[PDB]
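Single chain ahead, by itself, as structure tokens, in the form solved without this ligand.
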């Protein structure tokens, strides 16, 4: 295996438009695979680090972690993947042999769990991307905004080769995070009520999960009212904008539902929203689930009696899905027509116009925009 010269969308500077560059992609080392990306999409997380909003900024960098592609080659020690396999790169991995992977409960692999600071590969700490002999840094070990990328095999989910990669690429992050938050963690029973804070891809995945679970009432909470109408296609039965009410939103929800919803799922990462999501569930049997990741360090706060009145608060990561074990199953759920993905896709652009996907997201116009390589 040798070096590949291809196109990648490089971020040279925070908040500036990506530039299509010719980059060089080194061959995969031990336990790595090199993937030809066919379709990729944009997630709020790409945007957050591209703006360098909070974290330690790292540039130049190739973003992107939602994608579908085909294995071009594998490094030594790789046995579960071969050239030609259809795959989804995942931003967090499953080594399959650590304490967390062995557990039935957790998907937080000690080897391969999400790391937003890391710009190089595990094996040697180096980037496989370069331009004129200078490193272009990785993002989440996936960097899918490139015609070719290199990814640790534990972060590569082999899927059904008949599944259309331009649809199921969105399964690798946002949608599955919400879907699993509901189906694996909240676990609403048939007939129950659910409140969902946030109506982006995670929230709409959570709603979709509640619909699949047979929830009879699904209340969407978002500050942008223009997200409301489309939300009904995902099973949301009514939407509430906290701005239209003087009362705290948890009180509004509790009055709507004679004491509160049976389940809630907080998908925005706002701490105030976490607090509201917890307090809006019913006493006795209410269960709140946090999945949105916060940008601030503000503490979760609440009066202890809210708990002693028999509420439960659960946090989850990536919907408690195991990347390699479970995600292929999620693709099947779509193949077998339980899961409806098409409605998540509101836009499509060629790789050459990738910056448009940023525009659509920053304007709140899109759910997911599919970016198509080779055009």
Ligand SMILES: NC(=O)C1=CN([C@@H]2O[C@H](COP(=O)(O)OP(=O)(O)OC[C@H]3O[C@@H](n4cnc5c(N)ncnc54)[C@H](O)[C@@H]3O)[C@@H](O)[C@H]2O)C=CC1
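Positions refer to the first chain, counted from 1.
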property	result
250 to 258 or 276 to 284, whichever carries the higher mean Cα B-factor	250 to 258
49 to 57 versus 307 to 315 - which carries the larger mean C-alpha B factor in the record	49 to 57
Residue of maximum C-alpha B factor among 43, 35, 38, 335, per deposited coordinates	335
Identity of residue with top Cα B-factor, from 82, 92, 264, 184	82
Cα B factor band for residue 222 (lowest, middle or highest third within the chain)	middle
B-factor third for the C-alpha atom of residue 22 within its chain	lowest
Chain-relative CA temperature factor third for residue 375	highest
Third assignment of residue 323 from its chain's C-alpha B-factors	middle
B-factor third for the C-alpha atom of residue 62 within its chain	lowest
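Omitted from view is the form deposited with this ligand bound, to which the following refers.
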query	finding
This ligand overlaid from its position in the deposited complex: site open or blocked at 2.4 Å backbone/C-beta	blocked
Non-hydrogen atom contact residue 231 with this ligand in the deposited complex at 4.5 angstroms	no
Proximity of residue 269 to this ligand in the deposited complex, heavy atoms at 4.5 Å	yes
Partner contact for residue 314 in the deposited complex: this ligand, 4.5 angstroms, heavy atom	no
Contact test in the deposited complex: residue 227 vs this ligand, heavy atoms, 4.5 Å	yes
86, 165 and 334 all contacting this ligand in the deposited complex, non-hydrogen atom within 4.5 Å	no
Listed residue (275, 81, 293, 254) with a non-hydrogen atom within 4.5 angstroms of this ligand in the deposited complex	293
Proximity to this ligand in the deposited complex, single hit among 208, 262, 94, 222 (heavy atom within 4.5 Å)	222
In the deposited complex, segment of 141 to 149, 171 to 179, 71 to 79, 116 to 124 with a heavy atom within 4.5 Å of this ligand	171 to 179
Contacts with this ligand in the deposited complex - residues in 171 to 201 whose heavy atoms fall within 4.5 Å	173, 177, 198, 199, 200, 201
